[PDB]
């Protein structure tokens, strides 16, 4: 029961980002970014690339730090505290399309225009966007 580090990735593709619905004890069915737990020894950029590859099959590059958010999940099966480091990234091959590589954790990935985001967003993401955060400018 300590805070744990997650990296989440904004894959900027045109005016769109990649989101998919979680299959999870936490935030089930809400739209969230690809990402996951930072491994011991791993840089943010390597973790971003690796998690995105594991979850979506996509090859990304130009990983750049955006910000960090503190996410305490009060009403969870087990009390959870995650510190979320956000990374922006772009596709290596601009023609690539995601695949749902981990259907046990995600309903599927799709591109969503920044101006037409889906709902409900995973609540840390809703709160981050509600603050005015924009990965296309930040």
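Positions refer to the first chain, counted from 1. In this text, rigid core is short for the largest set of C-alphas that superpose within 1.5 Å between two forms.
- Comparing the two stretches 100 to 108 and 72 to 80 by root mean square C-alpha distance in 4 other deposited structures of this protein, with all structures fitted on the core, the more displaced one is 72 to 80.
- As recorded in the PDB entry, 100 to 108 is the stretch of 46 to 54 and 100 to 108 with the greater mean C-alpha temperature factor.
- When the mean C-alpha temperature factors of 1 to 9 and 128 to 136 are read from the deposited coordinates, 1 to 9 comes out higher.
- Per the deposited coordinates, the residue with the largest Cα temperature factor out of 68, 26, 32, 89 is 26.
- Residue 113 sits in the middle third of its chain by CA B factor, as recorded in the PDB entry.
- The PDB entry assigns residue 85 a C-alpha temperature factor belonging to the lowest third of its chain's modelled residues.
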